[PDB]
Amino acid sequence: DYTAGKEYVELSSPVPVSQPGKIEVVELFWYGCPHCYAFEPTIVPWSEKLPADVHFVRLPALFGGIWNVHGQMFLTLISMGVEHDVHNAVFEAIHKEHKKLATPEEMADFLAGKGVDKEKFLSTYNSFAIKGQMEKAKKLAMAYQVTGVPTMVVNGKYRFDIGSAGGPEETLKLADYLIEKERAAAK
């Protein structure tokens, strides 16, 4: 019952997906974004209930300044295989504890409190691989033509956000609908 152009738009140039063969769902976010923080209790449980042919990805929006710093922290944690376990703690630190997490040294100190290897965090943060991932994330956001967060993209093809869908639960119902649209498509 959704209308292309209203609750979601279709990208005229679809973007490749991270895991070919699965229906991708991307949430573009920034740890410091209050709406992103407020969306977490809705999107997190939904993301954990997704079927086997769907691949949920968080992608930091690297829109400059502190967004890039926090995004680089995110990618470092993903690379280390620890982001899932400290995800909520980072949001809480920033929004409830008023921690800035604005330099790698501050990040490492905080994250060590959550069990994250400090030396490995710092080495990874400054690594060439993370530089490459930052550039890829920037190029992806440009391709999605995203200008704010949180924003969802399904299968590199459909872009929508909380405002366009009409609320947080509505956003995920819309995601479900678009996932079904893609599952039904011929390949």
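Counting begins at 1, following the sequence as shown.
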{"item": "154 to 162 or 117 to 125, whichever carries the higher mean Cα B-factor", "value": "117 to 125"}
{"item": "Of 21 to 29 and 8 to 16, the one with larger mean CA B-factor", "value": "8 to 16"}
{"item": "Residue, from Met107, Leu75, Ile94, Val86, that the PDB entry assigns the highest Cα B-factor", "value": "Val86"}
{"item": "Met142 - which third its CA temperature factor falls in, relative to the rest of the chain", "value": "middle"}
{"item": "Chain-relative CA temperature factor third for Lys136", "value": "middle"}
{"item": "Cα B factor band for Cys36 (lowest, middle or highest third within the chain)", "value": "middle"}
{"item": "Lowest, middle or highest third - CA B-factor, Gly64", "value": "middle"}
{"item": "Where the record places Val54 (Cα B-factor, split into thirds across the chain)", "value": "lowest"}
